[PDB]
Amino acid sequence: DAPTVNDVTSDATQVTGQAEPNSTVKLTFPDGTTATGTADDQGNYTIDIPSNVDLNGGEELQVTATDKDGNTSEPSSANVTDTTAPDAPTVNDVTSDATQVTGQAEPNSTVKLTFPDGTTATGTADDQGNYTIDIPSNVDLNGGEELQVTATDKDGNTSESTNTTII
């Protein structure tokens, strides 16, 4: 009698699926909070994700169904797909004499610097979100040129860009 659970993303606001008609479907989140819904006469259920729950991707959700006689199904599992890009990274001021670009980004993201000629350089953010990207000494940055930085998570979601002007 285990219910089905439709695929859940990090941007989802509800969890839906199929269960025995008019059963009580119970969704348990990693933080121990639960949310419930009642399946309709055709067995379709919807459970609203509480606003106090933030799913980022990778979480395991558990869903059970309980009939009017108190029999509860075995749990069904769903893993949350990460479709949410990181926030825009920060970028510390960059002078024309700088040898690296540093800043903060989502931990473990891939940070991509686009130089004003369109070439690129990358660095990996550490577990605290710090990144450092080396500027090759044959790349000449001049005052007034623009730099652009993005951060991309492991599932390929890329942040909005952050710009800074060379000093």
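All residue numbers refer to positions in the sequence shown, first residue = 1.
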Please compare 52-60 with 105-113 and say which has the higher mean C-alpha temperature factor in the record. 52-60
Averaged over C-alpha atoms, is the B-factor higher for 41-49 or for 135-143 in this PDB entry? 135-143
Could you tell me which one of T66, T99, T122, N130 shows the highest CA temperature factor in the PDB record? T99
Ordered by C-alpha B-factor within the chain, which third holds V91? Give me lowest, middle or highest, please. middle
Lowest, middle or highest third: where is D1 by Cα B-factor in its chain? highest
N79: CA temperature factor from the record, placed by chain third, in the middle
